[PDB]
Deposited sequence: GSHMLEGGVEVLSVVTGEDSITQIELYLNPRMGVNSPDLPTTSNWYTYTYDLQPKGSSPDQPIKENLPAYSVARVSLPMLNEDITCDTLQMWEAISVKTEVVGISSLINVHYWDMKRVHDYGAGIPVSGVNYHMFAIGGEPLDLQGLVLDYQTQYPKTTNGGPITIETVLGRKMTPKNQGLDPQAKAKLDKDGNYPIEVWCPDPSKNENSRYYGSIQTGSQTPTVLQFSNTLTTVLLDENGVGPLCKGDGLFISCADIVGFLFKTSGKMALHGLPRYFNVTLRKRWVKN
């Protein structure tokens, strides 16, 4: 790519709106009987014997969408993403401490609120996000494809090197609800045409602390003033928002997600 000048004219600027619903394990709300736990996992438990053999419902996954932009056309125009407004939706729902099956903090008290393990990330790019594979335990037996994991891309069993960084463990984030978060992270050695921002918080009952405001804007331009450039007139948007554990009366525990909203501003750019 050779980046030229910013197009000037009538319709040089456009805006994109959308939302992405979470993919925590029970991914659809339309299924006959299972959909009651939509936006949650099933119960998460150490097995007690080897090896771990987790079910797809216990594997929170990344959200993705390819957004179609107005069609523009070896010298050509491309859409350049310059900024974004993003926000986690439904934060106020987490004040509910009276859910029928909530474990009481102590005898005759309110429920333990959704708290503990958080994971938040969003990404905007002109092509699918690049992913690096790495797991806590290489002997974990993940389901076949279904979710895509390390042994799905290698075509063979994981070895101990997959507890660290293995250059062969790479994939592209092209499918909604299909790449487990505990297996995949953004690959820093690529993603030149993408911008990502993320964080984690561990612990069991750690406070969930979140802000929301319609006045916050993220600038997407790099150090040369270039934003992600959209190949084939497609904008790729990605995220994950785990907001903590639902604590059940029995002692069982499930992870919960929230949806994320996006407003992206783009402009036309000459490239060769």
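- Residues 1-8, 82-86, 159-161, 289 of the deposited sequence, counted from 1, carry no C-alpha coordinates in the model.
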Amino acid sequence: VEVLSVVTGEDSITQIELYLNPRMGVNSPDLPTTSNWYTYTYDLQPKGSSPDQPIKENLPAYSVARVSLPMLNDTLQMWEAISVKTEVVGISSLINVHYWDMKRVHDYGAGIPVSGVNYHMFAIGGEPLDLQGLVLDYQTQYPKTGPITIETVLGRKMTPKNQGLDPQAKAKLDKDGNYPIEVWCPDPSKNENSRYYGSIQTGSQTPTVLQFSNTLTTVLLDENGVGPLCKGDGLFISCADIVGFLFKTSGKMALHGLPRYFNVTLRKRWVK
From here on, numbers count along this sequence of modelled residues.
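- Compared with the other entries of this protein, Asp74 is frequently left unbuilt, missing from a third or more of those that build its neighbours.
- Where the other entries of this protein model the residues before and after it, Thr33 is dropped from at least a third of them.
- Of the two segments, 234-242 and 24-32, the one listed with the higher mean B-factor is 24-32 (C-alpha atoms only).
- Between 207-215 and 223-231, it is 223-231 that carries the larger average Cα temperature factor according to the deposited entry.
- Of the candidates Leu76, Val89, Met102, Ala123, the PDB record gives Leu76 the highest C-alpha temperature factor.
- For the set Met71, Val135, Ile95, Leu131, the PDB entry puts the maximum C-alpha B factor at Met71.
- Among the modelled residues of the chain, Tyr119 sits in the lowest third by CA temperature factor in this PDB entry.
- Residue-level temperature factors show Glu182 in the lowest third of its chain, judged at the C-alpha atom.
- Remark: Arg195 belongs to the lowest third of its chain, ranked by C-alpha B-factor as recorded.
- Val84 sits in the lowest third of its chain by CA B factor, as recorded in the PDB entry.
- In this PDB entry, the Cα temperature factor of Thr41 sits in the bottom third of its chain's modelled residues, the lowest group.
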